[PDB]
Structure formats: C-alpha cells, structure tokens
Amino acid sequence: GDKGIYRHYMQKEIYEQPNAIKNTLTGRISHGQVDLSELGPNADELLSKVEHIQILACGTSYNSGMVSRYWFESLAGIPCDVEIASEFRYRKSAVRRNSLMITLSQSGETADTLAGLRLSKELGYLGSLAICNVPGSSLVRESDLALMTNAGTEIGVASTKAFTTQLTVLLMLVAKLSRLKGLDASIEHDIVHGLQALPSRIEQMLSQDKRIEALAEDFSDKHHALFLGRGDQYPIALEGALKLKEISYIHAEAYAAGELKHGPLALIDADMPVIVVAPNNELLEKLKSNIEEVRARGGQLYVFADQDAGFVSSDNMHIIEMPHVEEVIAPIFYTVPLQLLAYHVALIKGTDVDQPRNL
C-alpha cells in the first residue's frame, strides 16, 4: 500500500469505497442480475434446502453481519441469527434444522471465527459459506464455498471498505437466495438496482465530506457519545459507536432508538451528544420529545436523515441532511458519514488513526 494523495490508509480506504464496491460487483452482475458463478457447479443444491442462517464473526465484520440479518428476515424470508465468534465457541448451542455457516471475516485468519467454524462441522451444519477477502488462507481453505470481496488490501486497523464490501456480498447472497426459494423476483431487482446505484451514491456522500468535518467539531472534545439506530440502521450505530471508540477514543455506545428511556437518557448532558441514524418521522417525534426532556443538562440530538424527509432543526435537535437513497442499501450509505465523522474527530484530536492504541 502506497499512500498516494491521502493523509492515512484509513482515509484512503474510505475514499476507495466506491471503487472497491465496483470490484465486488465486477462480473457478479451480468445480464443485469446476481451471478454466483465462481461458486462452482456444486453451489445451488444445498442453498435451496436452507431454513436458517447462522453468521459468525468479530470486530466490524460482526456489525456487517448484524445488518444483513435484518435483510434476510424481511427480504428473503429466511431466519437469521448472529453471533460473536468467541461467544459461540463456548456455549452448548442448539442447532437449527438445516443451517448455513456464513462466517464473515476480513483476512480469514481471525483466530476466533476459524475455530467457530470447525465446531459446526461436528455440530452437523448443512455447511459453510465463508465471506472474506484473502485468497487461500485458513478460513478460505476449509470453507465449502467462497465469496472473495477483493477489496485490495486494508492497512488501517479500522475496517472501512472491508465493511461496505462485506455488506455488498451479504447483499448479493440475499438476492441469490430470494430467487432460489421462488419469491417475487422483483425483490431480486431492487437489490440489483440499489446494488448498481451504490458506488456513485457513496461518491455522493464522499463529496459531503466538508459538511462532516464541521460536525466533528461538535464532537471532538466530548468524552461520551450515544449512537441510536433502529431496525437495519441500528447495526450501523454499532459501527458508528465502534469507530468512534476505536480511532477517537471517545466512549461511544450504540443503542436501540426505542430504548432511550430504559437507561441512557438519564446519562445525557452536554457531554454526551446523541446521534440518530436515519429515523422515520414517527421515530424522530419520540426522540425529539426525549431530548427535550434534557434540554436542561444541555443535551443535543444530531440526526442523519433524507433531505427528502423535510425534518427541520429546532434549537436542540440538529438535522444533518443526506441525499435520498434506495431503502435496500440505506444501511450501506449511512456508514460513510459515521466513518468520516469518526475519522475527522480522530484528525482534530490528532490520534493515531492508522494504528490506534490497543487494537
């Protein structure tokens, strides 16, 4: 990795995101559909007889996994369950009738997943689709089926592109399975549309850089933050929180937006800004009401929403507007501002973005 124009690998990776997402599509879309042809002819058996998915990873790879759960359950109608590699490999787990081992992972060497998988062999899982990003290495070698996200490599210790790409492949596989089960096949095409939209929708968001450099000032000297998502956006709060913990060292915690008032609200003052990710109007109405209950301790709500939704900043709710995007890929879109955000906080605090402390 040569740095080129950028200050850091991480910045670079963020800015490489649209491209990399190109590559993870190159020849997986043809006749404008999902071609899972590197899979080899022994692929499509199996996937048809699936009535449950089990995903299994660490770090950020886990959050990508968590996202794609929401997808399956609603889009492909296939039960999905997510687990942290370490939590898995030490419980007697009940197995699900006919189950797939999707094991998400970056470089596919990750100690914990690796043996997570192995335990499934002897637990009688239908088998193993790995998703990962390095050719032939220990996870790749022992998995039945591969889905190399080929990102070019990620040098910064904070997963950026690696997240988006994994989300993409997750997304194709949602499509492959939705057809291999009969359903509306429009439900494939939405994915495919959004899927092709995506690369330049991120460039949309990338251009918005500057406006995020602004907001990070609001965050650069805080020591707590509270990221709030719902449904499939919630796992994006986990990725939000995570990155802020990771590269800016702020205590960031993510939380189900519904749940503000069973715990955290009492934590909010001038030192814990609350970020929400992409609420709908009904949600926002509750959060608005929540945060007003704490205007006195000087708490602020920062909301990332569709310019299209016409929310308006009141004095202590601050709308950050993003462009419209197609619901199917929203989760992927919204990742980037949180990435840039964290990154800019890190930049202003001057903390070691590429190799951050203890990670």
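Start at 1 with the first residue shown and count on from there.
Once the C-alpha B-factors are averaged per stretch, 85 to 93 and 117 to 125 rank with 117 to 125 first.
Between the residues 279, 273, 235, 135, it is 135 that shows the highest Cα B-factor in the PDB record.
Per the deposited record, 149 carries the highest C-alpha B-factor of all listed residues (164, 204, 149, 103).
Ranked by C-alpha B-factor against the other modelled residues of its chain, residue 65 falls in the lowest third. Annotation for residue 239: C-alpha temperature factor in the middle third relative to the rest of the modelled chain, per the entry.
Among the modelled residues of the chain, residue 130 sits in the lowest third by CA temperature factor in this PDB entry. Ranked by C-alpha B-factor against the other modelled residues of its chain, residue 31 falls in the highest third. Residue-level temperature factors show residue 344 in the middle third of its chain, judged at the C-alpha atom.
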